[PDB]
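Okay, target.txt now, which holds compact mmCIF, C-alpha atoms and all ligand atoms:
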```txt
# COMPACT_ATOMS: atom_id res chain seq x y z
CA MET A 1 21.66 15.03 10.10
CA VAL A 2 20.07 13.42 7.00
CA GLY A 3 21.46 14.37 3.61
CA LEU A 4 20.40 13.57 0.05
CA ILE A 5 22.90 13.14 -2.80
CA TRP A 6 22.15 12.71 -6.52
CA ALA A 7 23.26 13.55 -10.03
CA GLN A 8 20.80 14.88 -12.56
CA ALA A 9 20.44 16.22 -16.07
CA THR A 10 19.53 19.89 -16.62
CA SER A 11 15.93 18.57 -16.80
CA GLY A 12 15.79 16.64 -13.49
CA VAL A 13 16.23 13.08 -14.77
CA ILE A 14 18.30 10.88 -12.47
CA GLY A 15 17.47 7.43 -13.85
CA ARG A 16 15.88 5.51 -16.72
CA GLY A 17 15.20 1.81 -17.18
CA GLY A 18 16.55 1.16 -13.71
CA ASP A 19 19.99 2.76 -14.23
CA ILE A 20 21.69 6.06 -15.12
CA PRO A 21 22.15 7.30 -18.71
CA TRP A 22 25.54 8.83 -17.93
CA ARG A 23 28.67 8.00 -16.00
CA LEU A 24 30.87 10.85 -14.83
CA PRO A 25 33.95 9.36 -13.12
CA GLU A 26 34.38 12.67 -11.26
CA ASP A 27 30.85 12.42 -9.86
CA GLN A 28 31.49 8.91 -8.51
CA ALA A 29 34.47 10.12 -6.41
CA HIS A 30 32.63 13.05 -4.82
CA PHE A 31 29.91 10.49 -3.99
CA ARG A 32 32.46 8.26 -2.18
CA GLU A 33 34.19 11.16 -0.39
CA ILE A 34 30.92 12.69 0.80
CA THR A 35 29.48 9.35 1.97
CA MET A 36 32.63 7.57 3.24
CA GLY A 37 32.19 6.29 6.79
CA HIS A 38 28.51 7.24 7.22
CA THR A 39 25.16 5.49 6.58
CA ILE A 40 23.64 5.21 3.09
CA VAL A 41 19.89 4.72 2.63
CA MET A 42 18.79 3.39 -0.75
CA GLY A 43 15.64 1.87 -2.14
CA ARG A 44 15.52 -1.77 -3.22
CA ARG A 45 15.58 -0.77 -6.89
CA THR A 46 18.82 1.20 -6.35
CA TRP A 47 20.44 -1.61 -4.37
CA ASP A 48 19.20 -3.79 -7.24
CA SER A 49 21.20 -1.48 -9.53
CA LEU A 50 24.53 -2.02 -7.72
CA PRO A 51 26.64 -4.91 -9.11
CA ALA A 52 27.28 -7.88 -6.88
CA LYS A 53 30.96 -7.15 -6.35
CA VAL A 54 30.39 -3.48 -5.58
CA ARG A 55 27.71 -4.06 -2.95
CA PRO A 56 27.57 -3.21 -0.20
CA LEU A 57 29.45 0.01 -1.03
CA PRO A 58 32.55 -0.16 1.21
CA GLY A 59 33.18 1.67 4.47
CA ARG A 60 29.52 2.46 5.06
CA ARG A 61 26.33 1.04 6.61
CA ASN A 62 24.20 -0.10 3.69
CA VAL A 63 20.50 0.30 4.46
CA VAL A 64 17.93 -0.88 1.92
CA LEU A 65 14.28 0.23 2.13
CA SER A 66 11.63 -2.26 0.99
CA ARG A 67 8.00 -3.37 1.42
CA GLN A 68 8.98 -7.05 1.06
CA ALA A 69 9.12 -8.33 4.62
CA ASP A 70 11.32 -11.22 3.41
CA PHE A 71 13.72 -9.48 1.04
CA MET A 72 17.43 -10.07 1.59
CA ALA A 73 20.44 -7.80 0.95
CA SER A 74 23.69 -9.58 1.81
CA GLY A 75 26.00 -7.16 3.62
CA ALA A 76 23.22 -4.58 3.93
CA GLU A 77 20.48 -4.00 6.45
CA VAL A 78 16.92 -4.06 5.15
CA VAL A 79 14.55 -1.73 7.02
CA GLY A 80 10.85 -1.36 6.36
CA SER A 81 10.66 2.32 7.30
CA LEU A 82 12.88 5.26 6.35
CA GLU A 83 13.06 6.73 9.86
CA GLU A 84 14.20 3.33 11.16
CA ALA A 85 17.36 3.76 9.08
CA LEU A 86 18.19 7.13 10.65
CA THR A 87 20.59 6.25 13.45
CA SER A 88 23.96 7.97 12.65
CA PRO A 89 25.02 11.60 13.18
CA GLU A 90 25.30 11.69 9.34
CA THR A 91 22.85 9.84 7.05
CA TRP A 92 23.03 10.07 3.26
CA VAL A 93 20.06 8.95 1.17
CA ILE A 94 21.59 7.80 -2.11
CA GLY A 95 18.38 7.33 -4.11
CA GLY A 96 16.52 6.72 -6.09
CA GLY A 97 13.66 8.99 -7.04
CA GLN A 98 11.09 7.41 -4.74
CA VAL A 99 13.38 7.53 -1.70
CA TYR A 100 14.62 11.08 -2.38
CA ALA A 101 11.10 12.38 -1.87
CA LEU A 102 10.31 10.10 1.09
CA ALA A 103 13.58 11.09 2.74
CA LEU A 104 13.02 14.80 1.82
CA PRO A 105 11.11 15.63 5.01
CA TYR A 106 14.14 14.50 7.00
CA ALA A 107 16.90 16.29 5.06
CA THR A 108 19.01 19.40 5.68
CA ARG A 109 21.66 18.89 2.96
CA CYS A 110 21.20 18.37 -0.79
CA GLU A 111 24.43 17.78 -2.76
CA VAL A 112 23.29 17.83 -6.41
CA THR A 113 25.48 17.22 -9.47
CA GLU A 114 23.92 18.86 -12.54
CA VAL A 115 24.98 17.13 -15.77
CA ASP A 116 24.63 19.30 -18.88
CA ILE A 117 23.10 16.54 -20.95
CA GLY A 118 20.08 17.18 -23.13
CA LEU A 119 17.87 14.42 -21.68
CA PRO A 120 14.14 14.98 -22.14
CA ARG A 121 11.79 13.83 -19.39
CA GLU A 122 10.07 10.60 -20.27
CA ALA A 123 7.54 8.20 -18.77
CA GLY A 124 8.90 5.80 -16.17
CA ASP A 125 11.95 7.95 -15.45
CA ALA A 126 12.96 8.67 -11.87
CA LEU A 127 13.32 12.36 -10.98
CA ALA A 128 15.25 14.54 -8.59
CA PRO A 129 13.07 15.88 -5.77
CA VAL A 130 11.45 19.26 -6.12
CA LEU A 131 13.22 21.43 -3.55
CA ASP A 132 10.71 23.90 -2.08
CA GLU A 133 11.37 27.52 -1.14
CA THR A 134 12.91 26.68 2.29
CA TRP A 135 16.14 25.43 0.65
CA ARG A 136 19.14 27.76 0.20
CA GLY A 137 21.68 26.82 -2.48
CA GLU A 138 25.38 27.37 -2.98
CA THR A 139 26.44 27.08 -6.64
CA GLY A 140 29.88 25.91 -7.78
CA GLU A 141 31.84 26.61 -10.96
CA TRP A 142 31.01 24.85 -14.22
CA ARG A 143 33.44 21.95 -14.68
CA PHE A 144 34.47 19.52 -17.42
CA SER A 145 34.23 15.76 -16.98
CA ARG A 146 36.32 13.27 -18.93
CA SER A 147 33.12 11.55 -20.13
CA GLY A 148 32.71 14.66 -22.31
CA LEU A 149 29.71 16.04 -20.43
CA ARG A 150 30.08 19.15 -18.34
CA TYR A 151 28.87 19.19 -14.74
CA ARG A 152 28.46 21.45 -11.73
CA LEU A 153 27.88 20.98 -8.01
CA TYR A 154 25.02 22.53 -6.04
CA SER A 155 25.09 22.55 -2.23
CA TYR A 156 21.61 23.26 -0.86
CA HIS A 157 21.43 23.95 2.88
CA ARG A 158 18.53 24.64 5.26
CA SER A 159 18.02 24.95 9.01
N1 LIG B 1 22.63 10.12 -8.62
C1 LIG B 1 21.77 9.48 -9.48
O1 LIG B 1 21.64 9.88 -10.64
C2 LIG B 1 21.08 8.35 -8.92
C3 LIG B 1 21.27 7.99 -7.50
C4 LIG B 1 20.57 6.73 -7.16
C5 LIG B 1 19.79 6.09 -8.02
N2 LIG B 1 19.58 6.57 -9.32
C6 LIG B 1 18.55 5.97 -10.20
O2 LIG B 1 17.33 5.91 -9.49
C7 LIG B 1 16.47 4.94 -10.16
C8 LIG B 1 15.62 4.07 -9.19
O3 LIG B 1 14.86 4.92 -8.39
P1 LIG B 1 13.19 4.34 -8.19
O4 LIG B 1 12.53 5.65 -7.83
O5 LIG B 1 12.87 3.70 -9.48
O6 LIG B 1 13.09 3.15 -7.12
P2 LIG B 1 13.87 3.42 -5.65
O7 LIG B 1 13.44 4.74 -5.08
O8 LIG B 1 15.29 3.17 -5.97
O9 LIG B 1 13.41 2.18 -4.62
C9 LIG B 1 12.02 1.96 -4.82
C10 LIG B 1 11.61 0.85 -3.83
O10 LIG B 1 11.74 1.32 -2.49
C11 LIG B 1 10.76 0.66 -1.71
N3 LIG B 1 9.85 1.69 -1.20
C12 LIG B 1 9.23 2.72 -1.91
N4 LIG B 1 8.43 3.50 -1.16
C13 LIG B 1 8.53 2.93 0.12
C14 LIG B 1 7.94 3.29 1.34
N5 LIG B 1 7.09 4.36 1.41
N6 LIG B 1 8.20 2.58 2.47
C15 LIG B 1 9.06 1.52 2.32
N7 LIG B 1 9.69 1.06 1.23
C16 LIG B 1 9.41 1.80 0.11
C17 LIG B 1 10.03 -0.40 -2.67
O11 LIG B 1 10.72 -1.55 -2.66
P3 LIG B 1 9.69 -3.09 -2.79
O12 LIG B 1 9.06 -3.02 -4.19
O13 LIG B 1 10.76 -4.12 -2.57
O14 LIG B 1 8.80 -2.77 -1.64
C18 LIG B 1 10.14 0.39 -3.99
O15 LIG B 1 9.99 -0.46 -5.07
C19 LIG B 1 17.39 4.02 -10.94
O16 LIG B 1 17.15 4.28 -12.27
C20 LIG B 1 18.81 4.48 -10.47
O17 LIG B 1 19.76 4.38 -11.45
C21 LIG B 1 20.29 7.65 -9.77
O1 LIG B 2 30.70 3.80 -3.76
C1 LIG B 2 31.42 2.83 -4.13
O2 LIG B 2 32.20 2.29 -3.30
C2 LIG B 2 31.38 2.31 -5.59
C3 LIG B 2 32.46 1.75 -6.27
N1 LIG B 2 32.07 1.43 -7.49
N2 LIG B 2 30.75 1.76 -7.62
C4 LIG B 2 30.00 1.57 -8.70
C5 LIG B 2 29.92 2.54 -9.68
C6 LIG B 2 29.12 2.34 -10.79
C7 LIG B 2 28.42 1.16 -10.92
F1 LIG B 2 27.64 0.92 -12.01
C8 LIG B 2 28.51 0.19 -9.95
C9 LIG B 2 29.30 0.39 -8.84
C10 LIG B 2 30.31 2.28 -6.48
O3 LIG B 2 29.01 2.74 -6.26
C11 LIG B 2 28.94 4.14 -6.14
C12 LIG B 2 28.78 4.76 -7.53
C13 LIG B 2 28.30 6.21 -7.45
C14 LIG B 2 26.83 6.32 -7.85
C15 LIG B 2 26.31 7.10 -8.88
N3 LIG B 2 25.00 6.90 -8.89
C16 LIG B 2 24.65 6.02 -7.94
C17 LIG B 2 23.41 5.49 -7.57
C18 LIG B 2 23.30 4.59 -6.52
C19 LIG B 2 24.43 4.19 -5.83
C20 LIG B 2 25.65 4.71 -6.20
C21 LIG B 2 25.76 5.62 -7.26
CO CO B 3 31.85 12.57 5.86
```
In structure tokens, how does this file's structure come out?
Ligand SMILES: NC(=O)c1ccc[n+]([C@@H]2O[C@H](COP(=O)([O-])OP(=O)(O)OC[C@H]3O[C@@H](n4cnc5c(N)ncnc54)[C@H](OP(=O)(O)O)[C@@H]3O)[C@@H](O)[C@H]2O)c1
Ligand SMILES: O=C(O)c1cnn(-c2ccc(F)cc2)c1OCCCc1c[nH]c2ccccc12
Ligand SMILES: [Co+2]
Amino acid sequence: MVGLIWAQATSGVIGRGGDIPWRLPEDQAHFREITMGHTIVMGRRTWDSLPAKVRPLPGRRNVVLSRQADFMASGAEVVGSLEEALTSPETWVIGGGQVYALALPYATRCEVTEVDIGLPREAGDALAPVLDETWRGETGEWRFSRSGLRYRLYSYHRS
């Protein structure tokens, strides 16, 4: 099983300038729970976004996808193809926008956090993948985060 996991604004934005224009501390803990013990696939730009003490994220097999044959990720494995990284009974692609789409053929789970932030779409932003009509969503209750933004959890599922 390959899953995708991301947070997004009501508009689809997941990242700008190589980072995230929000931080919900509740979102970060559902990320760790959902991924703890499994494999995480990220692109080099997203690994590049993790600070040097936080990487590799703990308790997990950190796989970085990259076209540089000689790029290094201390504590992580660097694979040149997405499907090379798919070796565990549970794989979680943790972004960003380029890998969400590339991993989207392989995925049966989409855990999406929708952040009610008015963030207009802008050039160079990374986007959540467009989920086609084969995906079936469960919708949670609207919640309040301590960062002041409200959020909600979508659980898309498909055979
Ligand atoms: N939940 C969230 O809101 C969330 C989650 C994660 C990340 N983010 C945001 O996502 C944004 C970054 O996403 P991104 O779309 O800019 O870059 P990315 O998807 O993070 O990684 C892009 C890199 O992956 C490699 N790559 C791309 N296509 C490939 C392919 N077909 N085969 C092999 N390797 C390939 C290349 O590395 P080389 O150039 O080294 O080849 C490319 O530069 C950041 O802003 C981050 O904050 C947000
Ligand atoms: O998982 C961990 O063990 C962990 C602990 N601290 N941090 C961390 C949080 C913020 C930050 F700026 C640096 C490190 C972690 O990374 C996970 C954070 C959840 C997250 C939201 N969007 C993401 C995009 C890519 C990758 C992880 C995320
Ligand atoms: Co688990």
Nearby residues (all atoms listed in the file) at most 7 Å from stretch 43-59 of chain A, same-chain spacing under 4 positions excluded, as a PDB file with C-alpha atoms, in the coordinates of the input:
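The resulting file, selection.pdb, is reproduced below:
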```pdb
ATOM      1  CA  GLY A  18      16.550   1.160 -13.710  1.00  0.00           C
ATOM      2  CA  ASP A  19      19.990   2.760 -14.230  1.00  0.00           C
ATOM      3  CA  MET A  36      32.630   7.570   3.240  1.00  0.00           C
ATOM      4  CA  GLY A  37      32.190   6.290   6.790  1.00  0.00           C
ATOM      5  CA  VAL A  64      17.930  -0.880   1.920  1.00  0.00           C
ATOM      6  CA  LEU A  65      14.280   0.230   2.130  1.00  0.00           C
ATOM      7  CA  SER A  66      11.630  -2.260   0.990  1.00  0.00           C
ATOM      8  CA  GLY A  75      26.000  -7.160   3.620  1.00  0.00           C
ATOM      9  CA  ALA A  76      23.220  -4.580   3.930  1.00  0.00           C
ATOM     10  CA  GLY A  95      18.380   7.330  -4.110  1.00  0.00           C
ATOM     11  CA  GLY A  96      16.520   6.720  -6.090  1.00  0.00           C
ATOM     12  CA  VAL A  99      13.380   7.530  -1.700  1.00  0.00           C
TER      13      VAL A  99
END
```
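Of the residues under consideration (A:83, A:111, A:33, A:125), A:125 shows the shortest atom-to-atom contact distance to residue A:20 when counting only C-alpha atoms.
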Could you check which of A:120, A:105, A:89, A:25 is closest to residue A:134, using only C-alpha atoms? A:105
List as a PyMOL selection string the protein and nucleic acid residues near residue A:27, meaning an atom at most 12 Å away when all atoms listed in the file are counted, but skip any in the same chain fewer than 5 places from it. chain A and resi 5-8+22+32-34+111-115+143-147+149-153
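The coordinates place atom CA of residue A:103 at 11.5 Å from atom CA of residue A:84.
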Enclose ligand LIG 2 (chain B), meaning all of its atoms listed in the file, in a box aligned along x, y and z, pad it by 5 Å on each side, and list the centre and edge lengths in Å to one decimal, as AutoDock Vina command-line options.
```
--center_x 27.9 --center_y 3.6 --center_z -7.7 --size_x 19.2 --size_y 16.9 --size_z 18.7
```
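Atom CA of residue A:26 sits 29.2 Å away from atom CA of residue A:78.
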Within 9 Å of residue A:40, counting all atoms listed in the file, which residues show up once you throw out same-chain ones fewer than 4 positions away? Write them as an MDAnalysis selection string, please. chainID A and resid 35 57 60:64 85 91:94
Separation of atom CA of residue A:29 and atom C4 of ligand LIG 2 (chain B), in Å? 9.9 Å
Residue with the minimum atom-to-atom distance to residue A:122, picked from A:136, A:23, A:16, A:158 with all atoms listed in the file counted, is A:16
